[PDB]
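Laboratory data are not the source of any read-out in this text; all were calculated from the coordinates shown. Here the Cβ positions follow ideal geometry from the backbone for every residue, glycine too, while neighbour counts run over all protein chains shown.
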RNA sequence: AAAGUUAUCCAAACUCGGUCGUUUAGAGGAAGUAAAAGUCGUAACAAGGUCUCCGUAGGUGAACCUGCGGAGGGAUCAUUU
Ligand SMILES: [Mg+2]
Ligand SMILES: [Mg+2]
Ligand SMILES: [Mg+2]
Ligand SMILES: [Mg+2]
Ligand SMILES: [Mg+2]
C-alpha cells in the first residue's frame, strides 16, 4: 500500500487579476460588508 | 546826517551730475480667451477596450508613452490544517 504525497501552494493576486480569473466577484451594496468565508458544500447533492 | 564802502548771516534763482516714481515707441520671440460647416489622430468617462490618479526623471508630430516609490476617489470590505 502506498500514499501519494500532497503539494502545498499559496497563491496571491492583485485585485485586477483576481476578478478576471473569477477568484472573487462583484457583490451587492449590502452584501459587501460580510467577511465570513463561504460555506463549502458538504453534501455535493 | 544821505550816496557810497568792509566782513558775517538769512537765502530766492539758474547750470551740471546722481537717484526714485508715473506715462509711452520698438524689429523679433512666446502664451491666453473667443469665434469657426477646417486638417490629423482617439488620451479620458463601461474592466473606455494597457484599471484611473499623485510626486519625480527621461523620450516622442500631437494628444501621450515608459522607469522607481506611493494612494483607492477600484473592477476586492470575504477563503478555513
Ligand atoms: Mg514694452
Ligand atoms: Mg509684436
Ligand atoms: Mg489611458
Ligand atoms: Mg478607471
Ligand atoms: Mg467611483
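Annotations
- Take the Cβ atoms of residue A:44 and residue A:20, set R0 to 30 Å, and the FRET efficiency comes out at 0.65.
- Normalising by residue count, chain A has a Cα convex hull of 176 Å³ per residue.
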